[PDB]
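Listed next as structure tokens is one chain, alone, in the form deposited in one PDB entry.
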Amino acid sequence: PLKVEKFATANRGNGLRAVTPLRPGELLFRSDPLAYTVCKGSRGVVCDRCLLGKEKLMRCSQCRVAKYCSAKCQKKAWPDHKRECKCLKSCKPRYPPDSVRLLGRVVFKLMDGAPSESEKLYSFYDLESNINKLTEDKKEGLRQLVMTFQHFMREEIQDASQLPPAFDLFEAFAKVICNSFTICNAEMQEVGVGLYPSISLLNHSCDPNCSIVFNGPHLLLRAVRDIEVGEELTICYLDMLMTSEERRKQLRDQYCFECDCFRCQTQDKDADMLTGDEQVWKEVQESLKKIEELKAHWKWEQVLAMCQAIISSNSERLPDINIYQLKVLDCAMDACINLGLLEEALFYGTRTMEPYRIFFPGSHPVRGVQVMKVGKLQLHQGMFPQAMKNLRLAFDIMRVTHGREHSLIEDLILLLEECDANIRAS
């Protein structure tokens, strides 16, 4: 009962295509990960199982590394965590890279696990390594991860016979880097990384016809536009606010390919993204490196301090459509929400609305969540008609990008019903 199938593309390798016409919002695939792990920055912040930020987490007794929101989450996570727990324990104080911890879970899943439904269309052994396209610097980085893995796993795995029969650690890491999915929360922090081999069949487009959304570790693949029978299915591997030059570099470095898509050919939106004095937004772009690092580690007061020094800077300022200014406004909004400043969060969030409409496609999950947060801030500050307009716009987007299978849609429906009741009382 699949609406999608694997096929061999001409120049792109393997891909995924529709066997039947698809309509916007239609659910193509849903899977749990083959393996996944919390990211280094969100470790000890978000529950290891459900990846939700909780006010109270508790450490696993043995390793004291994994943290859980509930006994339910540690029990559900115990099969995945059982063997790595002894590895994390023995390697303290040192914490392995995310890719190393992710591959360790892959190895344990393949060794001790039943066949994973995540592999239905495509398996881990099928994944693209792009090894013959790797530069010598990339290969050396992989060699370092191999030795890190051999150190990190030395407790559980001392020899190749404990690895799967065909398993080559160099090839395995090459596969992990190109096939890893980043799991993000509503604040654009990356809370986790996981492998979904069936979903790895989707080739990239900067103008994709599909989108992925995450509910905890659970992934949902949906069509965001009408798709003809036989048409290849694509997602965007990258953040939507990047210049064609930035996208080219990232797609080269990580995925070893050159994007020929129409947006990259025409440098679509590049000029509008870079508006303002070039010297000014180079300095903002440099500051974003530190700001987004603080955000990855969930230090909001420090994020807001740096963001205000930009938005409010005595020195020259940039238009809100400048993508680096826009990223700063977004980080400030998310800091104000966590720090409990709603008026200021709404001020920043309101300023991101029109730029988000321009830069994000018609239905994109990032924009849907952004509009939902703004409408939610407006509702709680008691602007009902403004909140209702944005909550309805968020629903128009998120019914396509998220769908009834996503828990956030249920929350949005409750916000709409509350906002509507307030308007009718007036």
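When you see a residue number, it is the position in the sequence shown, counting from 1. Between two forms, the rigid core is the largest collection of C-alphas that superpose within 1.5 Å.
Another form, the form deposited in another entry, is not on view; read the next lines as being about it.
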query	finding
Core-fitted Cα difference of 2 Å or more between this form and the one not shown, single residue among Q189, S211, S205, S116	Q189
Closer or farther in that other deposited form, the Cα atoms of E283 and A186, when the shift from this form is 3 Å or more	farther
Shift in CA distance, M188 and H402, in that other deposited form relative to the form shown here, given it is 3 Å or more	closer
